[PDB]
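Asker:
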RNA sequence: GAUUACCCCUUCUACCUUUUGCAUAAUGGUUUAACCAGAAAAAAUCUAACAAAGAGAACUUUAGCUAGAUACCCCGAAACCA
RNA sequence: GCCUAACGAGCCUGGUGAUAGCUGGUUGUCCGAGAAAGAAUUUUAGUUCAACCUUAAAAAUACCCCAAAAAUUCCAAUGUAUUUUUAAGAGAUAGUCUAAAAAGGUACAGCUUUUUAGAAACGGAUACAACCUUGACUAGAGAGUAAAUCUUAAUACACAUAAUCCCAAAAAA
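Residue numbers (the numbering used here), protein chains in the order written: chain H, 2 to 148; chain B, 134 to 192; chain W, 6 to 277; chain D, 5 to 127.
1. Cα-Cα, which of 244/W, 269/W, 142/W is closest to residue 205/W?
2. Counting only beta-carbon atoms, is residue 16/H nearer than 8 Å to chain W?
3. Can you pull the chain H residues whose beta carbon is under 7 Å from the beta carbon of residue 65/D, in chain order?
4. Is the CB-CB distance between residue 63/W and residue 150/W below 8 Å?
5. Under a three-way DSSP split, which group does residue 244/W fall into?
6. Rounded to whole angstroms, how far is the Cβ of residue 167/W from the Cβ of residue 97/W, which I believe are closer than 8 Å?
7. By alpha-carbon positions, which one of 42/D, 44/D, 19/D ends up nearest to residue 32/D?
8. Strictly under 8 Å for the Cβ-Cβ distance: is residue 19/H near chain W by that measure?
9. What's the C-alpha gap between residue 145/W and residue 46/W?
10. Which residues of chain D have a Cβ atom closer than 7 Å to the Cβ of residue 10/H, listed in chain order?
11. According to the Cβ coordinates, are residue 113/H and residue 235/W closer than 8 Å?
12. Have a look at residue 267/W and residue 106/W and give me their C-alpha separation to the nearest angstrom.
13. Please list the partners that residue 233/W has in chain H, where partner means a Cβ-to-Cβ separation under 8 Å.
14. Using a C-beta to C-beta distance shorter than 8 Å, which residues of chain H count as neighbours of residue 72/D?
15. Just how far apart, CA to CA, sit residue 30/H and residue 105/H?
16. Do you know whose CA, among 79/H, 26/H, 132/H, lies nearest residue 107/H's CA?
17. Just list the alpha helix (DSSP H) runs in the region 201-247 of chain W, keeping only unbroken ones of 4 residues or longer that don't cross its boundaries, in chain order.
18. Give the DSSP bridge partners of residue 12/H, in chain order.
19. Looking only at DSSP bridge pairs, what is residue 190/B linked to?
20. What is the rounded straight-line gap between the Cα of residue 189/W and the Cα of residue 113/W?
21. Beta-carbon separation of residue 68/H and residue 102/H under 8 Å?
22. I'd like the list of long-range same chain contacts for residue 165/B, defined as Cβ closer than 8 Å, with 5 residues on each side in sequence excluded.
23. Show which residues of chain H have a CB atom less than 8 Å away from the CB atom of residue 58/W.
24. Under a CB-based cut-off of 8 Å, is residue 69/D close to chain H?
25. Please list the partners that residue 190/W has in chain H, where partner means a Cβ-to-Cβ separation under 8 Å.
26. Considering just the uninterrupted stretch of the beta strand (DSSP E) at residue 88/H, what are its terminal residues?
27. Quick one: is residue 20/D near chain H, going by C-beta distance under 8 Å?
28. Among residues of its own chain, excluding the 5 on either side of residue 2/H, which ones have a beta-carbon nearer than 8 Å to its beta-carbon?
29. Run through the DSSP bridge pairs and tell me what residue 19/H is partnered with.
30. Would residue 101/D and residue 48/H be called neighbours here (beta carbons separated by less than 8 Å)?
31. Residue 238/W versus chain H: which residues are under 8 Å apart at the beta carbon?
32. Determine the direct distance from the alpha carbon of residue 121/H to that of residue 114/D, and round the result to whole angstroms.
33. Answer with buried or exposed for residue 61/W, where buried requires no fewer than 16 other C-beta atoms within 10 angstroms of its C-beta.
34. State the Cα-Cα distance for the pair residue 8/D and residue 29/D, rounded to the nearest angstrom.
35. By Cβ distance, which residues of its chain are closer than 6 Å to residue 238/W, with the 5 residues on each side in sequence left out?
36. In its own chain, which residues sit with a C-beta less than 6 Å from the C-beta of residue 159/W, not counting the 5 before and 5 after it?
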């Protein structure tokens, strides 16, 4: 083919590939790392920062996640409002008993770089406490990497 | 035999007399090797700045 | 002095809102003579002969008609430039014919496995007006071209270019021409467009014709797998085979487009 | 006696000519144009200095990706390439990591071969 | 810098003045135009004239003497006197 | 208090461009070299020569310096380059911190008063004057490294707006 005068290689953009990640005892935040790698598209040799070539990751069985140590009761999630004394402390236990899909999502929410692309790639992430996937009627690729 | 002196560390932040020693060894730059004869006069100065340099015997 | 710079700035600022048309006679700053141009033309290119035919090659009928028109209008004197056009049209005629023959020989020798339809298509694309005229303008032939009305329009530069061709055919013979043209045209193509304009109508059916003509085997399309995406485009994996042997495989957004691309890749695959 | 004449006006005209495409008074006023021009040149130098760093990091990321596809990480691949006496730059290596998976697959195969031979010779 | 004929992402703590140190929440400025603040040769260095003499009736002179060329910016009081 | 809207002594004009060691200011390019404290002063926010520095020439030699000897004061040798002599000309003299040794203070201070040393890209330390790495040509879609970045230490028959000692997590070459 042809190449001219010192240029980086990117053509236009491509289509993202949807991936599936299993639950059941994989460490929280340890999965969020590689899920953020797949979210950014760092696993693809064609990766570009501005192009946002990141894929769409779907994880299942988020309630079956297992955190080691005593961190179950000892982890405190802080939620503060505009009102004075609106500081709220929610333990990982109670949060798991209420809204588990939030936990892992938060573990991902700190991994990604800031500003736009964070929320942009955040919309590419979906979590469910139990397995129901109408999106599985649509054939997708499954990747298995347990810890 | 003959000893070759190489500068692996800066003379900056160090006393001026050490810089004078390095100038005596003929090192104007880091990592630059210099061939020198073995004598107590040179060996002493070599022992002064030894912590700032690496010396290897050759030839 | 500030007056000369204010006048230069005012002229340079006046040329922004006013654009004058390009003139052929006032184009070159130095005096333009026939011998100077043909001399440089002889020094640059390998071999150049028939200076009269070369000068005639850059002569167009419009300039002659305009000249004779001015001769009739003013009525001062009368001269005959008539022979120029009559000598040019013949060179152009032979030029076109020999160009067709030469290019046909090129496509015949280079790609023997290319079907007649492909040969016709590639010849039609290679002899196309727009491309050749583009090569002309890129070679700055318009500077050597003589046109009274306007320098720009393609019917001038194209006929002029073909006249130059025929001139090289008569003067320098075929052996030199084959060196000249063959170098440029190939370098100009560079694209997939060559087989794309022939694929504009029923790619599948064309592949059917080629396969039935060569191996006498009906092509079969079979979906080997599907990876769906509801948001942007779904991806279907389409295989294309003959006699259980897979010819090609490829992804597509829709079944139609997938089959089109598969048929295209398979089309260029059988080109060799 | 001299005069201000066209000198200052021409200098301002030049600075403002270089101040085009700028936002607001900086593409209009002279002083802000100069102030923005200085910053523009400093940023030119600095970004032209860090461009190599950004490209290097990007290439390292790409090669890391292509390597991880083959089961090995970036540092191991680098070490193996060093002991293979390969001076190939990471730019061309990334270009091969994109367009020509076969060459990178061969280099990765030789990498795993050298690693297995070293691990078998050490034992 | 990349990128599309526009933008998001990434890389960066205004200028000046005053200071050990200012993006500093120290100082001055709405913007633009214009106005606006280093002009003194003794000894010296240097370029030439002549040389125990130079220099246009005056001075210097154990190589001098004569000539030319080189370095020391503005605004502001409270008050005093007639 | 008042004496033409402000009187510890009116206003106008002139002396007058009064005096200001103060404060606020002082405009084109490129190249080389490049300063933070010795004693005095009706002096400390200013000056005068040393401690330095710069220009242009000459005659010298100088330093790092071991045993003869009294942390140094001296001197071979070493590998070095400089050290002045003379001729003109500057500016600077209200500075800090760390490390070490001191003094005052309370084995307080981003504390003060001295001696020695270092110090002041845009790498590292989250950002940040000295701490760590490095001495400073332009250009280049090259390469090799320096420091650094994420963790290590435990058992008994208490301040005041929203959290974590820089994200999220992790584990115990």
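C-beta atoms are modelled at their ideal positions from N, C-alpha and C, and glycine is treated no differently.
Answerer: In this structure, then:
1. 269/W
2. yes
3. 43, 48
4. yes
5. strand
6. 5 Å
7. 19/D
8. yes
9. 12 Å
10. 99, 102
11. Between residue 113/H and residue 235/W, the C-beta spacing is not below 8 Å.
12. 34 Å
13. 139, 140, 141
14. 44
15. 7 Å
16. Residue 107/H has its Cα closest to that of 79/H, out of 79/H, 26/H, 132/H.
17. 208-219
18. Its beta-bridge partners do not exist; DSSP assigns none.
19. Residue 190/B has 136/B as its beta-bridge partners, per DSSP.
20. One C-alpha to the other measures close to 18 Å.
21. no
22. Cβ within range, chain order: 139, 140.
23. Counting only Cβ-Cβ distances below 8 Å, residue 58/W has no contacts in chain H at all, with the closest Cβ about 37 Å away.
24. yes
25. In chain order: nothing, as chain H lies at least about 17 Å away.
26. 88-92
27. no
28. none
29. 57/H
30. No, the Cβ-Cβ distance between residue 101/D and residue 48/H is not below 8 Å.
31. 16
32. 39 Å
33. buried
34. 24 Å
35. 258
36. 138
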